[PDB]
């Protein structure tokens, strides 16, 4: 149908922009954030793909939870996630962010950042290499490529 | 046809702003041993389009503590004045030919000051307030120094008309004539446009996005467009003021090519400086102009008052 | 006609009504900036481009300091806006109503105030037919501050230097 | 040359304004056509509305604002 | 006229960009999203409290120096007069008095910020 | 007199009435005082430009100079009052009585 | 390599060409193939108004000459 | 009250700016230079009382040139009468007043 | 002279900006009173004809006033032509 074709093209265009312009919030917790710096480094330059760190959560699209999430830190992470406007995505990085990690059976560690925020991508490793994190970012981009919001709305 | 001329002045400026964003990305990357955006399009040519679409399709939010009226007006004022600053520029023919073309630019810059102040105050947050007051101090210093420097340089010209600037620089360059004022003017234009090392109103390392901390999506993109348009406009003003291009009335496109090349060189120098230097402290910026530039600016103003009189080289009034 | 100067004068009075109703120094400075720009427009239409640009630039610089001072000295928990307070809104509405009544009476008939007599006709009518040539009369008169007006320059410079000394002495404390 | 042209143009505009005033203010009880507002008989320059008073808005606007609005 | 049309065009374009920004995207606002940002933790006080200005004297001196630049601006036309000696004397007098003001404030420590 | 002069004089009168009617802040009254001089500047330049009084064109600039000198004086007094009391409220200026 | 920056700079330069060239072409189009008349002073404005008056078509850029005086 | 130091010492501090018929730059004339000259030459040397009593004609002409009140009254009267006449169709403006003419150069 | 030399050496090592500023200001104050082209600038400003040269009524006793612009009497700008 003409309307179906129009909405398909429009949300192909919309998903392309969001996929190609990703702005992670400048947010790192532990040793996993060093591999974020090495992904930002010249070797695996993240700025090629349109992935740029922004300090303010208002101007951020993705939250890369890279490090251990503690009980004393969970409210701040939830606060910045809430203050991030939509559409927003979450990439947990490393064992600590995925589940508990080396500190799973601890009194002061949250066993998974997905207990706090909805996580879109999980990156495995301790720490995941910069290439592993880049693969996770590209996988997030491909996940964005498949979103059909206007197509869902047209048939709604 | 005047509306067509307005559109032909506005739309290419916005396109050049977007591609200046791209160029700054790539230049900083290559100076930092990276490549910069080269994935979104061929050599990363669709990156500005992707960024604009993402920003204008993302949700904007007004903070619960904000004053909504001045929260919305500030990006409007910033972008409106950034676009308005271009109308008296002769390239080689101004869109609007003014008798006092420089005082209009000074007044419009001083008005464009208030966009960041009102956005910082309206946001109702401590980082925004700090950014606004840093803007206040920066504007104080750069405003006084810029006013006196422009007075001297135009005193070498004879009037406040930029076409008269072209006629003055028909033979040699104001950079050859008055290079110390040119250096101080370049520093003052950096401060006016809030570029490194004077990017203190929005200092990421110290403040979390500074005055535009609460701004997101479309309103933020307007602040970015206003900043980059101001960068290009100030570099164009510097090129017209100090690097005068030869003008042929029957083929004016040559002046356009020369002027565009000089403006691009100055803008790339801006990006180069940002890549090279650290950031000032705003008290040190105030002490830089007041305690160093201001005495030398006054001495050079006296010298450029005296010089045409003692050498019988006073420019024509018209 | 096009009543450009009259419309600008009305906007000037509206900005005055605002910053005189005095919501809070932020919005008072906003209204004063608007009034300065509109007065620049008025005197540009009347002929003085240098004077209009100068008053606009001077008041833009002056309201910058006022903003920094009201952020530090003249701020409260809930800064007042025109609709926030009953007194401020009352003064604002009173000024607007008085201005509208004066404008309506002046447009409908030759309104004679208790102080002055005002005729409802063209600001273009009141102008002069003659013209200057190859120079600006306003620019020449202003530039005459140095050839003529040596005394004015002396007293003005002395006043500015004494003002610097004074502001240093007032804020000395101790 | 321009001074002579300006004088002739001003005098012609004043004369045709006077003719139209004679046509218009004919039934007015107490009205003298062409009466001066000055005690002196010395020539006084027309102000702006003595020339472009009974003329079109385009002409009036051009005469009163064309130079200032030309940019 | 032309300048008014240009200003109206620029303001209309900026307002249209704002209107597109606030109506085109999908909106979803709640209390936590619109709360003030203080790096993840609730602000202790309010942003409308007094904010000490340690360069208060420099702002007043800036007002006076803005007056000085306003006085100095008509110099390009003033240099077209026949009384060049008087004009030069007055211009140098104004600039020397401005320099004296700057030197006096500098020596009396008015350019230093409050601690 | 045209209606432009009426509007400028009305603006001066409004700014004068604002100054004479304090609310709480001294800064607001300082802003009202600054507006009166803006109206004076506009009126003076409208009068001078209309009568082609060429040598009088320098008067409005001197007017602005002494305007901002008065503004500087008011700001200095305001900072001293604010240091003394914590607020720029005119209610605290009540130690002296008539 | 560093020459991959050039296409973006080329696009920016091409964008910056449009305003000035467009203004020049529009001025030549609306002034009869000649430069737009600069009137910084009342003398020049009066010259333009006289050109409008003597043209007979209400366009100052329509210039007349010896064939018009005789 | 008034210590005429300028007159005593032969100085000129503000008398150059007191009136609009004095020496102006580039010999730019005032709007009412002739009327001010006539009034000043009438009132010179006779004092304020006699100047107000006897030079009232010159002063009235000067004020009329300055403010243009009688001229505006005449113009408004003519405009009102013309508008009333054209309201009832009793007056037809000439083509040269309607914009269908070739003015003088 | 020794004290002056020591002061200049110390200032040039501590405040070169201020030394340059004061030197430029002093040269701006002093040089115009010595240059022989100040009077040339005054003459060039005088020679500029902003307004119309209203002619004088000939009384028959004006030998220094030209009858035609190209007559030898009257001011000459031959000095300005070769300058």
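Read from first to last, the chains carry the letters A, B, C, D, E, F, G, H and I; within each, the first residue is number 1.
Keep this in mind: a residue touches a chain if its C-beta (ideal position, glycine included) is under 8 Å from a C-beta of that chain, and two chains touch if they have at least 3 such contacts.
*Asks:* Between F-H and D-G, which chain pair is linked by the larger number of C-beta contacts?
*Replies:* So, comparing the two chain pairs, more contacts are at F-H.
*Asks:* State, to the nearest whole Å, the distance from the C-alpha centre of chain C to the C-alpha centre of chain D.
*Replies:* 34
*Asks:* Taking each chain's centre as the mean of its CA atoms, how far is chain C from chain F in angstrom?
*Replies:* Roughly 9 Å, centre to centre.
*Asks:* What's the distance between the Cα centroids of chain G and chain I, rounded to whole Å?
*Replies:* Inter-chain centre distance comes to 38 Å.
*Asks:* Chain I: which residues touch two or more other chains?
*Replies:* 25, 28-29, 32, 38, 41, 45, 48, 50-51
*Asks:* Give the residues of chain F that touch two or more other chains, as numbers and ranges in rising order.
*Replies:* Each of 1, 50, 52-56, 61, 64-65, 68-69, 71-72, 75-76, 79 in chain F touches at least two other chains.
*Asks:* Which positions in chain H touch two or more other chains at once?
*Replies:* Residues 16-17, 24-26, 28, 31, 68-69, 72, 75, 103-105.
*Asks:* Hey, which chains are touching each other here?
*Replies:* A-B, A-E, B-C, B-D, B-E, B-G, B-I, C-D, C-E, C-F, C-G, C-H, C-I, D-E, D-G, D-H, E-F, E-I, F-H, G-H, H-I
*Asks:* What residues on chain H touch chain D, complex-wise?
*Replies:* Against chain D, chain H makes touches at 34, 38, 57, 60-61, 64-65, 68, 70-72, 74-75, 77-79, 81-82, 85, 91, 93-94, 96-99, 103-105.
*Asks:* Which chain D residues qualify as touching chain G in the complex?
*Replies:* Interface residues on the chain D side: 2, 5, 62, 66-67, 70.
*Asks:* Using the touch rule from the top, collect the residues of chain E that touch chain I in their complex.
*Replies:* Checking each residue of chain E against chain I gives 80-82, 84-85, 88, 92, 96, 99.
*Asks:* Applying the document's contact rule, which stretches of chain C touch chain B when the two form their complex?
*Replies:* Going by the criterion above, the answer is residues 26, 30, 33, 37, 40, 49-50, 53-54, 56-57, 60-61, 63-65, 67-68, 71, 81, 134-136.
*Asks:* Please output the residues of chain D touching chain C within their complex, sorted ascending.
*Replies:* 10, 45-49, 51, 53, 57, 60-61, 64-65, 67-68
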